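Chemist: Experimental coordinates for this protein are included below, preceded by the sequence.
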Amino acid sequence: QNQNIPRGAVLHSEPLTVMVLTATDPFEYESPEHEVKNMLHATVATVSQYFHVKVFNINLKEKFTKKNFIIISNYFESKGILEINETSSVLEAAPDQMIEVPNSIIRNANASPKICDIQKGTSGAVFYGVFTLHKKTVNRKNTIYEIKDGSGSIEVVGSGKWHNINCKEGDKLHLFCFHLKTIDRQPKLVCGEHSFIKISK
């Protein structure tokens, strides 16, 4: 711990134009020092790639609206996820900087992984996606959300803000930035600091 770039992460200084595809509202979370912090999640695309983005400056909420074009620089990339820090630059693109993102990229960005492919993951691998709730178990300390698709079932462990969420079997759980851990010799998805869940009917 001597530079702020995480282990195995990369600093990108050069400007990158992206189109915003989706974004969450700002939400509060807790830092390891128990400070209340604020961020949002977003998905953005270039003409050739999409990225999930952790946005650590909620003053950027209006810039991260669907179909807006923005230019990012001085941001980190870690495990394929972009991180927009308070020190990052995020500017509104000019008309001559807008780009044409193919629909295939947008469909891809919006696709969820199958649970069987999540189950193949290495310890610590990070996943996002929308899954059907099969079974919920609220414990003293955390909640087990068992999600299922045609490829398999897996447990999602929620604690803190993600403990005892208001949902029922059959609802869809939109998971942001969960990661794989081995518990009872079986892959489970668990929260990290920046995890988020949204429920839909």
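Modeler: Cool, the structure landed. Numbering: from 1, shown residues only.

Chemist: hey, let's count contacts and neighbours off CA atoms from now on
Modeler: Noted.

Chemist: isn't there a strand covering residue 90?
Modeler: Yes: secondary structure of residue 90 (DSSP: H, G, I helix; E, B strand; the rest coil): part of a strand.

Chemist: Run a quick neighbour tally on it.
Modeler: Around residue 90 there are 21 other residues, counting by other C-alpha atoms under 10 Å.

Chemist: Residue 201 now?
Modeler: Look at residue 201: counted by other C-alpha under 10 Å, it has 8 neighbours.

Chemist: which non-adjacent residue is nearest it?
Modeler: In space, and not counting its chain neighbours, residue 201 is closest to residue 171: 5.3 Å by C-alpha to C-alpha, 6 or more residues apart in numbering.

Chemist: contacting residues for that neighbour?
Modeler: Under the criterion of C-alpha atoms under 8 Å, 6 or more residues apart in numbering, the contact list for residue 171 reads 132-133, 199-201.

Chemist: Same question for residue 44.
Modeler: Going by C-alpha under 8 Å, 6+ apart, residue 44 touches 18-22, 50-53.

Chemist: Next, format these as TSV and append secondary structure and distance to residue 61.
Modeler: Listed next are the contacts of residue 44 as TSV, based on DSSP: H, G, I helix; E, B strand; the rest coil; distance: C-alpha to C-alpha, whole Å:
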residue	secondary structure	distance to residue 61
18	strand	15
19	strand	14
20	strand	11
21	strand	13
22	strand	11
50	strand	19
51	strand	17
52	strand	15
53	strand	13
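
Chemist: Relative to residue 165, which of the contacts of residue 171 is nearest.
Modeler: residue 199 (8.6 Å; C-alpha to C-alpha).

Chemist: residue at max distance from the center of the protein?
Modeler: Using C-alpha atoms, centre = their mean, the residue of the chain lying farthest from its centre is residue 96. It sits 29.6 Å away.

Chemist: On the three-state scheme, that residue is what?
Modeler: helix.

Chemist: hmm, back to that, filter the contacts of residue 171 down to just the ones in strands.
Modeler: 132-133, 199-200 (DSSP state E).

Chemist: Pull out the buried residues from these.
Modeler: Among these, those classed as buried by 16 or more other C-alpha atoms under 10 Å are 132-133, 199.

Chemist: From those, pick the one nearest residue 11.
Modeler: Checking these one by one against residue 11 (C-alpha to C-alpha), the nearest turns out to be residue 199, at 33.5 Å.

Chemist: so what's that closest one up against?
Modeler: 166-167, 171-174.

Chemist: Kindly provide the distance from it to residue 133.
Modeler: Taking C-alpha to C-alpha, to the nearest Å as the measure, residue 199 falls 10 Å from residue 133.
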